[PDB]
Every structure is written in structure tokens, then in C-alpha cells.
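>>> My sequence and its experimental structure, below.
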Amino acid sequence: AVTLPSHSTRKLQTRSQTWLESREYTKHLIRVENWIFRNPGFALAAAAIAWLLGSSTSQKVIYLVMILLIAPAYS
Amino acid sequence: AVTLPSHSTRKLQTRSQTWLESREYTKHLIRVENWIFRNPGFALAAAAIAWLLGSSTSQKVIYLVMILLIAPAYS
Amino acid sequence: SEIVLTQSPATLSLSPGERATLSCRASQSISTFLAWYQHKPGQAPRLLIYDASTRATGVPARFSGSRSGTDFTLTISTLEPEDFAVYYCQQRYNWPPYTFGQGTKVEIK
Amino acid sequence: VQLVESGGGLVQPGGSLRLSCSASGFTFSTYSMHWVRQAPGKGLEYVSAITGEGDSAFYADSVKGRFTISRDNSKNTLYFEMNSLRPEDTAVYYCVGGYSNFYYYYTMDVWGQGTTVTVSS
Amino acid sequence: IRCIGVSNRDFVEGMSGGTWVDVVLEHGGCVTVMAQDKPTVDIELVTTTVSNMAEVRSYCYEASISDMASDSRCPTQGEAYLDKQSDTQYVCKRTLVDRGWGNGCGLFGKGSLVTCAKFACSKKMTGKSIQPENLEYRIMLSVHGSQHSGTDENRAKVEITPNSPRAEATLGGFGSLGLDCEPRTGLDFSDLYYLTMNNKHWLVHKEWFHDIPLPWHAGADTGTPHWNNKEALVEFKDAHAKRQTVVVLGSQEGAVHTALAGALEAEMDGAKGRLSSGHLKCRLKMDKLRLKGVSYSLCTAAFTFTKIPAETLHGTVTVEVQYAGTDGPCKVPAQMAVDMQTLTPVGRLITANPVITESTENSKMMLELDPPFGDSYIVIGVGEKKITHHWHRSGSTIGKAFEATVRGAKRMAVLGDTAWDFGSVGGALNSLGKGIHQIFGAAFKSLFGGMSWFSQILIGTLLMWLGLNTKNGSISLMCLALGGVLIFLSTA
Amino acid sequence: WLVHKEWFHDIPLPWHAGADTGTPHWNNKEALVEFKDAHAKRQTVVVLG
Amino acid sequence: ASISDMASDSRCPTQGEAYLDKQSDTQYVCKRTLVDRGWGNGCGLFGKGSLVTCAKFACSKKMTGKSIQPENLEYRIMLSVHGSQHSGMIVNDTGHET
Amino acid sequence: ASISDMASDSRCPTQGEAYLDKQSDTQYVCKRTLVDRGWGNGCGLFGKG
């Protein structure tokens, strides 16, 4: 169906390479980058929302990054 | 291939139902619930990480929710 | 189960010029969705009336239909020689299990 | 606006037959089609139906399981593939058609001349 | 007639210019237009057909592999070289392999292994472009009056294309309804590709059909296609340092089906493709509409209810009456009354005026009417033979206004400015509201509008808390944005 | 493949339950079949590919 | 999956609910919803009807999983010794018996 | 209610799940559970069946 949980959660560890190893790093980066490239307005909105939340600078930056990661996945 | 961007980003809005409308709701909720149910200890890890971050209680709860959201998607 | 239609006399012996009256009784409420067909041997059945009172395209005016509850009536005022045939009622209520009556034959007396 | 039926013939019990009904003079896709049979010495019996678009089909209990109705809107043809025939199916079959905007409902219909199917042992 | 049971119809009662009334038509429901002294017309959008589309960039969603080959050169040489490495119909992968003194070449460095495999496609899907020109709309309209519940002169069909945005529906005896439409303007087709995979067709945003990681051709295929990517469907896995193996991923047709979500389904007949969900905006020039029933004498024979008086979903009441006498074409007297001592017209009678046009022996006619909320009597007749019926309506005017606001909110959530244009005879408050809505909608679509039912519900709840606890004027700013997002969602 | 448990149990696909013997039975035909409906006046059944 | 002969059934706005006799068969997927009905469609009343649609389900192929006990699994170890072997006998597994 | 010819099926503590062919009939009520099993009943292993 639609969900189909990923097996990388329970990755089997051994010397030999797993099923689809070479695509793990690129996969997530490409998804996030493509979504952000299509929608910059949400980058602005997330910057604003992160600025409103969190006292210190580091808290606001972390909020910005976590929003920018949650948005593409609709997690 | 692996990425395959979702079309719900550009959801075509009209009176008639879209291609797979009845599933979205349970789609995301089921993915998150399943991943958490399989890996319970990460709830404790996220609680600790959220407690270490953010001054007020609301900030810490929001950090907890956003971590528990972003982890199952590996976003 | 399925709706059933009953045509009272199963045979009507009348002479040309008389008044013919056929009745159709339904097993349950059907508002106006009843059709009357004329069938002659060697010919395809011909639709006479739909909605229990409305004459089909080209049907002569001498055929009339009336309804009262579950009792439907087909009336032929001035019997013609070509009007002697078999007559069926069909229920058109809400879904296909559509059925016909056992038929009533108009015979020359 | 006419319906030409064909394919009727004598067959043994348990034989398989295919009846065809070609439509002319109207938009075949917008017409729900039906098969109604009449046994000798019996009234008309409404046995099968299919929607205009081919989505859904209905079979009467007397024929449910053995007979299959279908349609080709490109060739403007209705088909009634009848298998496992029995002597009780010996009858004259008519294909009827009616303008439908709902699954099977129709008001004014059009009838073919009919075709005889005889199942004798 | 033709919009009695639709359950998604709205009434555009009112005409204050004596002339055209704007109306936005949707595939879901239809619009009943009732004017001051003109017959009620039901108008419905039926189908949107597209024709002679242009093939653009078909993808290959199922691969097939072929005669693999490989080469390796000893650890201290150049590189392995298959002659099929200069063929754009083969996927070739180069790697390093453990080699030496056991495999046959004395040295112990890492070798170089090249593997090539021929690519074949099965089941590719293709996308096509929809120009604003060459898509057709078909509008079906009908009139009230004399049509019983079951060349017609009461119904008409209008074809509208960007080449002919205006047309007149000639209703014989009622005149003609002029009808201008904005066909280019009504649904954006400058971002939607028509997509087919295997006898299934969709409408696809022209940004979801360029970020797809699958082997893609360009344009139509004269012969055997050349696919540029050669990867993302073929996987060169490596054994434990001694071999290479090539596999293909299976058929991809279930991931694309789930990647499609929020994409509109369609269907196809020949070179034409029917979409069943659209949105069109028309102005209705109803100034050549007459009434076919004035200067008629009142029918005075008898009247019989033929089915029963029934209630539609919106409150109205349909009545089907049979007339016994033969008076020729003649007018029907009918009203909604209370206190049958003094027959006083209460409520409103939707059909314009009900005239019987067929006089042979008995005639059938269907009218409908909008009764008041209390008990009432449908009174049909003149004297001593006025058959009547007892009819009861449910809800007070307050509930009706609430439901009207809810319908307006849903229409806004669906359309935006074009929703602002629905009942727009046209003033200054209306145009100003439409302008400010244009500005706010552009800003909102720029910032938000990249989320689906869950990302936006999450951001809605988040900013709702934020505006609840921030203690500024940003309180109001947020809470407003939140109302917007959450209703945009809960409308569903 | 070698596959963990809990990845071969959290799969949303029609599943039999072991010994396929005679006529096959699927616990869920759900999500392998999509029941849409037209503008309130139809229903349509499609399969995912 | 693969689908087959669909069927459907509808009811009046005020009757029971639709029922196809193919709902008592565990080979058909069936779904129930509400459909606009009345006065054109065939019954005098105007509310929402009830519509049931059923379709026969068939699977061409399915993947299957099997269980592995930690018993009845065998390992095969190959060992060799240095000394007198010439370079040829490095990747040569033909006779290790003798 | 009235009940009729019961039947049952059991499986290896480590096999799949029990399946009667009467689960493909909409005239039967069927319930699935775990049973203590092994080495006495006939299947060498000791987990729940």
C-alpha cells in the first residue's frame, strides 16, 4: 500500500554490502533539496516561526533546521 | 527510483475527490505509530535530548514532538 | 424478496368497439414507476406507457393509464382490430431485478 | 435506432452459446442494455442487464452463475455468453436498450427482433 | 429540472443589473438562476474534453536487462575496456576488484572491473501537454415550467472553446440565454500534463513530472527510444571484492501510483480525454429571456397529486400534478398557504409560473417551491376543487444563514477569487474584497501551499499555540493565519 | 533476501497465512483495491499496479 | 492484484442498505457509500441512497517469506596450509580430498 | 444463535499460523489464538503454537 516501512531501520550489519547501500546518502538529501528548491516561501515562513520560538540564537537555529527537515517529509 | 516526490505537495483542488484521498490521514499517522511502537527506547532518548534543549516547558515539549516526528521519517 | 406483479384476469374476451380495462397489482409500494407493453405474436414487444400514465412516442391517444396506491390500470377506450394482443406490466423501481406480469390476453369475443 | 440480434441456434444440454446484439442509430455508450427472454407458453422474463459503460452487470437468479453479459462500445455490440445451457433456457431472447444516466434505470427503450435458442436433449 | 436531486446545487436568486449575472460553474453541482420576471434556469457543467495533445517526455517505469559482459585488467595497467562502452544503449559501471597472483597477473594492487548491460524498456508511461487552446467545455441547461417529472425546446447544450468563449442557448418559446465564459481563465492548464501509464489517465502538475527519477525519453518515439539516465533503475551491486552483478528494479508501477496523490483522475476516448472535475466561470446575459406563460387563462378543472410532494435536500418541495380537464394551454394556480380561511401567499414559489402546455385529456406537470419553515399547505386549485397537501419544514432562518456561510466558506476554500465572483452582479465592496483576496491568496500560496493535510495541520496547531502565548499583535496575525490553514484543511 | 522480522509483519499488503491449499484467501483486499466515487452518483474500483 | 467483474446495488433514501449477494463470498472486495437518489433515478424521495460495489480479487503472483531456525543451518569452512604449495594452488578448488 | 460442526487447526511453535479452509466461508465464525505445544503433541519445539 502507501506506507511500506523502510528496512533501513533494521539494517543487517556485516562486511558485505547490503541491498541498496550506495543510495542511502543521496536519497534523503535529494528529497529534502528538491522540496526546498520547489518551495522557498516556506523557507521564509519557517525562518519567521523559528525566530518566534526559542530564546537563544542556537535554539532558534535548531528550530529552523528541524522545521526545514519536517516539512519535506510531511512526517 | 528511491525518491519519487509525492504529488500531495501540488494537490489539485476541486470538488471531486483526488486520486488517493481516503488514505493520507492514516498514512502518516500509521507510519509514525508503527515506527515508535517498534522502537520504544528512542522515546526516552528524545525525552532526554528535548529536556536538555530549550528553557521553558513549552519549548521542551515542542522539541520532544518535533524530534519524535523527524526520527521515523529519517527526514 | 423480489417485487412481483399480478395481472388480474389473464384473459380478456371483448369485441371490437368495447372498452378494455386491465389491472396490475404490485407486491409493494412503487410510486409511479410502472410500464405497459403490447406484445403481438411474431413481433417485438412495443412500449405503450411509461411512468404509468405517460404515453410513449407515437402511441395513439386511446390508451390511458391510471394509478391508485399499488393498483395500476390500463384502459383502452375504443377497441381496434389491431389492439387484440398480449399486454404486460413491468415494474421499474430503483434497481434491475425488474419483472413483468404474467400477461393478459385481449381476445376477440 | 435498431438492435439486430444473432447467434441463436439449437444446442445440446450443457452446450455453450454466444448471442450478439448490434446497435445502430444512437450513441451505444449512453444506453444501458438488457436481456429479456420468453419461454414458449410463458411471459417475458427479465434475466440480465449491463450499464452503459460496462462497469457493472446484473444476472437474475434463474441465470446467475452460468450466463455472462458484456459489451464492446467500440464495435457497438452486446454479447451474452451463455454456458452450461439447460432445457429450461429454451426461449426467444430479446436485447433491449435504454438511455441511462444511472446504473440501469431507463424510461424509453428500444427492442430487437429476438432470436430463438433451443436446448433439447 | 435537472438539478432537483443534485444535492450540491446553489441558488443564484437575484439580478440587480436587469441583465447579466456572473456564475461560476463546477463539475460537482449545478446552479439554478431565478430572476425577477424570468423563468428559472438550471445550468450544469458536464464534461471537459481535451484533444490533440502533444507528447512530452515519456518515462520508462519497467526495465529489462540483457547480455551482461565484463572485463578486468591487472592491478597495474590502464583501465578495463569493453567495446560496448561507447554505445548509448548500455549501462556500464567501473569499480576496483581485488586481484593478483591467484587470478593470473603477478602484482597485488586493486584491479579495474567494468561491467556493461543492455537496457530494454517495458511499460513506459507518458505525459502530454495541454495548451489553453483546443480544450472544450460542454454545458447543459434546462428550464422549469411544463416538464413532467420523467427538439425539446426546454433543454439545450452549449459547446465552449477558447476560440468561441460566448454562445447563445436558443430556448424555443423562452427566447435565448446569452452565455459568455472565460475558458482560458477558468482552470489552469498551463501547469497540468495529461499522464497515462496503462489505460489509466491522470492530471499531473508540471512540477511533479520533471522531478522524477526514472529513465526518460523526450517527445514522441520514432523507433526504439534512447534513454539518457542509465541508472536509478539498474543497480550494480558488488560481491565481496571479486565480482560485479547487475540487477533491475521491478516495474515501479506501484510506487508511481502512490506518488500520485492529489492528482485528478481522467478517462480517454480516442484522441480525446475527458476530465470530470474542473471549474469554469460564466456571465449569464439573461435579457432575451421571456415567459412562455403570461396571457394564459387560469386552469379550472381539477388537479390530482400523482406521486406525493417530496422534499429535496435543501428545503425545497417538488410536486407532480395531473390535470383532468382539457382547456388548451392554460396557467396553473398554486401557492403555499397557512390559515386556509384567508389564503395568503406565504413562502416563495421557485418555479416561475406553472403552465400546462399539453391538452389532450390529462396532463402531467412538475413544479417545485420554497416553503416557509413552519407547517404549511400546498394549495393547488381555485375553488371547491383545490387539492391541498400538508407540508412541514425543519429549520429556522438562523440555521439557514449558518449553512449559507458554511457553503460560502467551502466555495472560498475551493476557488478563492473566482469564488468571490460567484454571485457578483458587481459593486465596489465585491471588487475590493476580490482584490484583497487576490493579494492575500498570492502571499499565502507563496509562503504556505506546499503541504497536504498533515504538514499544514501540524504547522496550524504550532502557530496556534505560538499566537496564543506570544503576547503581541503577532497574536492576531498568527491566529488569523491559523484559522486560514485549519479551515483550508477541515473543509476536506 | 534475508529480512528482519517486524519488517515482514508491518507490511500493508494482502497476506495469506501459510499453507496455500485450495482456493486462496486474503485477509485484506484493502489498499490493493481503491474505491473512489464519482460526483456523488457512481462508484469506481481500481487496482494499484 | 487483478480485478474482475464488478457489480453494485442501490437503495432508496429511506430503505435499508444495499446488499449484493456477492458480499457473502470471501473472494470479493465490497464497499458501501451514499449516493444521491430521487425522482429521476427511480424512487420518490430525495435523500442520500446507499450504494454497494463489489469486485472479484485475484493475485497473479505473491512474495513469500519463510522462517529460519538457528538449527539446521550449516557452515562450510575451507582451510589450507603453507609450505610446499606452488602459486597455482591459491584459488584452485578441485580436489581437496587427497 | 445456533452453532454447528466445529473444527480446528494447530501449527508448529515455529511455523506460520493455523489456517482452516473454512475461514474462506462467510458462514463460519473463526478465532485464532496461541496454544502450548511441543514434543508431546508431535512437533519438536516448545514455543507457543
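Sure, I can see it. Residues are numbered from 1 along each chain as shown, chains lettered A, B, ... in the order given.
>>> For chain A, which residues are neighbours of chain E?
Within chain A, the positions lying close to chain E (Cβ under 8 Å from any Cβ of the partner chain) are A:1-2, A:15-17, A:19-20, A:30, A:34-35, A:38-39, A:41-42, A:44-45, A:49, A:52-53, A:70-71, A:74. Heads up, the C-betas are built off the backbone N, CA and C, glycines and all.
>>> Kindly recompute the last result at 7 Å.
By Cβ under 7 Å from any Cβ of the partner chain, the residues of chain A that approach chain E are A:2, A:15-17, A:20, A:34, A:38-39, A:41-42, A:44-45, A:49, A:52-53, A:71, A:74.
>>> Same list, the residues you listed, but only the ones touching chain B.
Among these, chain B is touched by A:2, A:34, A:53, A:74 when using Cβ under 7 Å from any Cβ.
>>> Look up the residues forming beta bridges with the most centrally placed residue in chain C.
Chain C has residue C:36 as the residue nearest its centroid, 3.7 Å off, counting by Cα atoms, centre = their mean. For residue C:36, the beta-bridge partners are residue C:49, residue C:89 (DSSP bridges).
>>> mind checking how far it is from residue D:92?
Look at residue C:36 and residue D:92: by Cβ to Cβ, to the nearest Å, they are 20 Å apart.
>>> Check residue E:350 too.
Residue E:350 is 48 Å from residue D:92, where distance means Cβ to Cβ.
>>> go on, residue C:100?
Per Cβ to Cβ, residue C:100 is found 14 Å from residue D:92.
>>> Quick check on the residues of chain A next to chain E: which are buried?
A:2, A:34, A:38-39, A:42, A:45, A:49, A:52-53, A:71, A:74 (16 or more other Cβ atoms under 10 Å in any protein chain shown).
>>> what sits against the nearest residue to residue D:121 once chain neighbours are set aside?
Distances taken as Cβ to Cβ, 6 or more residues apart in numbering or on different chains put residue D:13 closest to residue D:121, at 5.2 Å, once the chain neighbours are dropped. Neighbouring residues of residue D:13 by Cβ atoms under 7 Å, 6 or more residues apart in numbering or on different chains: D:85-87, D:119, D:121.
>>> same thing with residue E:217?
Neighbouring residues of residue E:217 by Cβ under 7 Å, 6+ apart: E:57-58, E:225, E:227.
>>> got the residues of chain D near chain C?
Residues of chain D lying near chain C (Cβ under 7 Å from any Cβ): D:43-44, D:46, D:49, D:58, D:94, D:104, D:107-109, D:111-114.
>>> cool, and the stretch 51-200 of chain E?
By Cβ under 7 Å from any Cβ, the part of the stretch 51-200 of chain E that sits against chain C consists of E:148, E:150.
>>> Whichever residue of chain A sits closest to chain G - how many residues pack around it?
Residue nearest to chain G within chain A (Cβ to the nearest Cβ): residue A:1, separated by 11.0 Å. Residues near residue A:1, counting by other Cβ atoms under 10 Å in any protein chain shown, number 20.
>>> And it, how far from chain H?
Between residue A:1 and chain H the computed distance is 21 Å (Cβ to the nearest Cβ, to the nearest Å).
>>> Same question for the helix or strand harbouring residue E:285: list its buried residues.
Per DSSP states H and E, residue E:285 falls inside strand E:279-289. Neighbour counts using 16+ other Cβ under 10 Å place E:279-287, E:289 of strand E:279-289 among the buried residues.
>>> One more: stretch E:424-434?
Buried residues in stretch E:424-434, counted by 16+ other Cβ under 10 Å: E:424, E:434.
>>> do the same with stretch D:2-14
For stretch D:2-14, the neighbour count (16+ other Cβ under 10 Å) marks D:3, D:5, D:7-8, D:11 as buried.
>>> how far out from the middle of the chain is that stretch?
Distance, stretch centre to chain centre, for stretch D:2-14: 10 Å (Cα atoms, centre = their mean, to the nearest Å).
>>> do stretch G:70-87 as well
Relative to its chain's centre, stretch G:70-87 lies at 43 Å (Cα atoms, centre = their mean).
>>> That stretch vs chain A: in contact?
No: applying Cβ under 7 Å from any Cβ, one finds stretch G:70-87 out of contact with chain A, separated by at least 14.3 Å.
>>> got the contact list for that stretch?
Here stretch G:70-87 makes contact (Cβ under 7 Å, 6+ apart) with residue E:101.
>>> Now do the end-to-end distance for that stretch.
39 Å (Cα to Cα, to the nearest Å).
>>> Could you do stretch E:77-91 as well?
23 Å.
>>> again, but for stretch D:69-83
Terminal residues of stretch D:69-83 lie 11 Å apart, using Cα to Cα.
>>> ok, and for it, which residues are buried?
The neighbour-count check on stretch D:69-83 (16+ other Cβ under 10 Å) flags D:69, D:71, D:73, D:76-80, D:82 as buried.
>>> count of neighbours near whichever residue of the stretch 151-300 of chain E sits closest to chain F?
Distances between the stretch 151-300 of chain E and chain F by Cβ to the nearest Cβ are smallest at residue E:253, namely 3.6 Å. Neighbours of residue E:253 under the rule other Cβ under 10 Å: 16.
>>> measure the nearest residue to it once chain neighbours are set aside to residue G:9 for me?
In space, and not counting its chain neighbours, residue E:253 is closest to residue F:49: 3.6 Å by Cβ to Cβ, 6+ apart. From residue F:49 across to residue G:9, the span is 28 Å (Cβ to Cβ).
>>> Note down every partner strand of the helix or strand hosting residue E:119 and its orientation.
For residue E:119, the element it lies in under DSSP H and E is strand E:110-129. If you go by DSSP bridges, strand E:110-129 pairs up with strand E:54-65 (antiparallel), strand E:69-73 (antiparallel), strand E:90-98 (antiparallel), strand E:192-196 (antiparallel).
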